[PDB]
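Structural characterization, general
For reference, the chains in residue letters:
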Amino acid sequence: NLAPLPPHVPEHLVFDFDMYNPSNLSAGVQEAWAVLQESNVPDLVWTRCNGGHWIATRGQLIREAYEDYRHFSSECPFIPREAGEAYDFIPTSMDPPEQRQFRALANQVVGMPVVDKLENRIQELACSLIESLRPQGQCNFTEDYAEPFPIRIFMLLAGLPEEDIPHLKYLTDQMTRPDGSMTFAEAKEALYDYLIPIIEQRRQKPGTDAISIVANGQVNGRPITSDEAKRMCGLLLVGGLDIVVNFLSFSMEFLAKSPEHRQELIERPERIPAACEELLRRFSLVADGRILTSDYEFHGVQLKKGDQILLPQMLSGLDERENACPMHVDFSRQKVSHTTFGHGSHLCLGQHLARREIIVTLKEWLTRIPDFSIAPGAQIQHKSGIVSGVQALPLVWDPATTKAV
Ligand code: HEM
Ligand SMILES: CC1(C)[C@@H]2CC[C@@]1(C)C(=O)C2
């Protein structure tokens, strides 16, 4: 389904890439997206898919546009437009300066200090989950660990019942990887319907959970409104329940496939933090965009007000000009360049939490289960969207080779 080419788009800049169902998805989602970095593809293209929009394919352009909120606004960050228009999450839907006050509050609930106090619990959860799988000699990593681990830590942070996980997991998936089961606006509304009563209570009888902190916070020297709290909590939920889960699967899929890379970390664990950075670069999984606030000539290309441009955070680190042999995983890369956590004023506020969750997983897993592989005959399926993911990851190992720690 391709939309009619607009009057201002030169035919030679057209490249019909569908971010929700790329071509060589069989080669892996990152590989599927990297086709935009081929020699026969211009730096900036227009795709007639998903309503029609631009795509910046180079790290230089992606970074540039993310710094220029004057022309590239985040008020409409999702494609298709219907989604971007319904998008009202705080603080992402706001451009500076207004966005700044909310970023501070959000940092109070997911910032480093909060993660720090949670360290022992994150560790215990990783160790507990892994140890219970170890004897089995097999597991579907996505649902046996990738999902329960990060999701349980966040439900803990936000003080929400584990009984609500299934519902929230479903809603957040609808927002990042539309199943067609419901529109973004519809999934967002359901999410807000769930959140409103909770924010009301937390405001009356406030606990110590992140929702209670956001709900009774102060911004710009005045109290945050119920509406603002709701819009901020919704983003925190989507960010905390959907991203790390999928990133862990991409990483484990690779490690299950590369024994040499597993050994490297098993022998030199001090190299894990560095390994984390390289994996975050190689298996970057986010891609959203901005909307043109006015007609603008970007690198010789005429952009029109209202035009939407996809600025894939995932593509920057895969760009050959940013990192040599971008597709090769090298834990000793001295210069790991990437925009996996964003760029500009909207830099990810949950970086510390994500890194710790990834680092703790790698360390505790390779400690008890150093040797494992993908169940033979398994075909790992990837999914593309605002946040790309892995359907399932059937793993196997010989229990005689594991160590109870
Ligand atoms: C590996 C996991 C993660 C990745 C790759 C990631 C990536 C991103 C990216 C690329 C953005 C920028 C979006 C834009 O500029 O339009 C972002 C924003 C944000 N992320 Fe993360 N994120 C991750 C995990 C999390 C987690 C764990 C949370 C915590 C709940 C979170 C909370 C946020 C928030 C609140 C923002 C908004 C910041 C702002 O608009 O000023 N993220 N993230
Ligand atoms: C693009 C994102 C990854 C970022 C955090 C969650 C997300 C889906 C948003 O709506 C902002």
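Here, the structure is the one placed above.
This text gives an overview of the structure that appears in the document. (Residues numbered from 1 in each chain as written, not as in the entry; some residues may be left out. Chains lettered and ligands numbered in written order. Heavy atoms only, no water.)

Examining the environment of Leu-195
Basically, it comes down to this: Put simply, DSSP H or I for four residues or longer makes a helix, DSSP E for two residues or longer makes a strand, and each gets a number counted from the N terminus. Burial status follows relative accessibility: with a 1.4 Å probe on protein chains alone, a residue under 20% of its type maximum counts as buried, one over 50% as exposed, and anything between as partly exposed. A contact between two residues is defined here by any heavy atoms of the two lying within 4.5 Å.
Relative to the elements of secondary structure, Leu-195 occurs in helix 9 (residues 184–204). With a relative accessible area of 0%, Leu-195 lands in the buried category. Each C-alpha atom of the pair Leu-195 and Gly-234 lies 7.7 Å from the other, and the pair is 39 residues apart in sequence. With residues near it in sequence (within four places) discarded, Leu-195 still touches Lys-230, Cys-233, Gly-234 and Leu-237.

A short note on the environment of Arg-103
This is how the line gets drawn: In protein, a polar contact requires one atom able to donate a hydrogen and another able to accept it; more generally it is a pair of N or O atoms within 3.5 Å, and residues adjacent in sequence count only if both atoms are side-chain atoms.
Looking at where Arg-103 falls in the secondary structure, it is placed in helix 4 (residues 99–110). Taking the C-alpha atoms as reference, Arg-103 lies 8.7 Å from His-346; in sequence the two are 243 residues apart. Beyond its immediate chain neighbours, meaning those up to four positions away, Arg-103 contacts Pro-91, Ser-345, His-346, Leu-347 and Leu-349. Of note is the side chain of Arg-103, whose polar atom sits 3.3 Å from the backbone oxygen of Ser-345.

A look at the sheet that holds strand 10 (residues 308–311)
This is how it is decided: Should DSSP find at least two bridges between two strands, the strands are regarded as paired.
One open sheet accounts for five strands, arranged 1-2-10-7-3; its pairing is mixed. At either margin of the open sheet sits one strand with a lone partner, and together these are strand 1 (44–47) and strand 3 (72–73). Alignment of strand 3 against strand 7 (residues 288–292), held across two bridges, turns out to be antiparallel. Within the sheet, the bridge partner assigned to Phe-72 lies in strand 7 and is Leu-292.

Structural notes on the site of ligand 1
The line we're drawing: One heavy atom within 4 Å of a molecule or strand makes the whole residue count as near it. Two kinds of site are reported from a 1 Å grid over the protein atoms alone, namely cavities, where a 1.4 Å probe fits but cannot get out, and pockets, open sets with protein on both sides within 12 Å along at least five of seven lines, and residues are called lining when an atom falls within 4 Å of a point. Criterion for pocket placement: a molecule counts as inside a cavity or pocket if more than half of its atoms are within 2 Å of its grid points. In this classification, the charged set is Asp, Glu, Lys and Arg, the nonpolar set is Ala, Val, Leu, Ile, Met, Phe, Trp, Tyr, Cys and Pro, and all remaining amino acids, among them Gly, are polar.
Near ligand 1 you find 26 residues, and of these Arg-103, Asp-288, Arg-290, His-346 and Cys-348 are the closest. With respect to ligand 1, the side chain of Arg-103 contributes an N or O atom lying 2.7 Å from an oxygen atom. In this structure the site holding ligand 1 corresponds to the largest cavity. Counting residues per element, the ones that place at least two in the shell around ligand 1 are helix 4, helix 11 (226–257) and strand 7. When residues in the shell around ligand 1 are grouped by element, the largest group, six residues, is from helix 11. Its residues assigned to classes, the shell around ligand 1 comprises 13 nonpolar, ten polar and three charged.

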